[PDB]
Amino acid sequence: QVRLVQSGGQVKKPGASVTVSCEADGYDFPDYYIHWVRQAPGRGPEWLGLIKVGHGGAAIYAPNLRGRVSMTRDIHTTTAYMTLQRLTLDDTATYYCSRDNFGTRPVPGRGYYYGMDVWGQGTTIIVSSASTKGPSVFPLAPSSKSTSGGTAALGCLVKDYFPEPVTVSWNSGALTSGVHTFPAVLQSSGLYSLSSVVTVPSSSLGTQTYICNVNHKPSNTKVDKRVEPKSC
């Protein structure tokens, strides 16, 4: 039960500060340094800094966030922390802590090795001015412009909600074959949007009802939207 347990995800306003905790369980806390790493949408992992746990507790920071980040540990509660101030939209990311010998102690059989071997579960920080809002669910109706011979495509546009996530199913879970629910995109407005589509036989459009079931827990919004062929 060697583990690192992080605090829960948070939505923060631009300019605000946030503190993420990293509690160590199942090992001798002072024997390992702690790193902070983040990964933002569409980018690779970024090292942010480390805390010299067991060697005085000073922090070393990466240059990108230097001047507005603080990292500390508490030996008594075997917990490490990262505080990021003056938050910007670009700080939206998942933040991880990790433990590491970092060449400090003579681990028997391994030596003064370097390797981030245990990781926290991640903490998602969303930096946004947006208010919580449920989606507007629009039909993506099947038509001739969405028919491939014997196959038709239809869907739901799940637009203008905040924050993530929504969940989507079709026909209360009875329809799964051919369903693609896309990752959300962040619109220039600051609200998220996604589509969910399904391909079905064209011949089924007159006989089978298609309903997308959308749930947005953050805003207590539930939607069951019937998608029907274009009125001709």
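One-based numbering along the sequence shown.
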item: Between the two ranges 200-208 and 44-52, the one averaging a larger CA B factor in the entry; value: 200-208
item: Comparing 70-78 with 145-153, the one whose average Cα B-factor in the PDB entry is higher; value: 145-153
item: Largest Cα B-factor, entry values, listed residues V37, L191, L175, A59; value: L175
item: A184 CA temperature factor, ranked by third within the chain; value: lowest
item: CA B-factor ranking of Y27, expressed as a third of its chain; value: highest
item: Where the record places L89 (Cα B-factor, split into thirds across the chain); value: highest
item: Chain-relative CA temperature factor third for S131; value: highest
item: Third of the chain's Cα B-factor distribution that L4 belongs to, per the entry; value: lowest
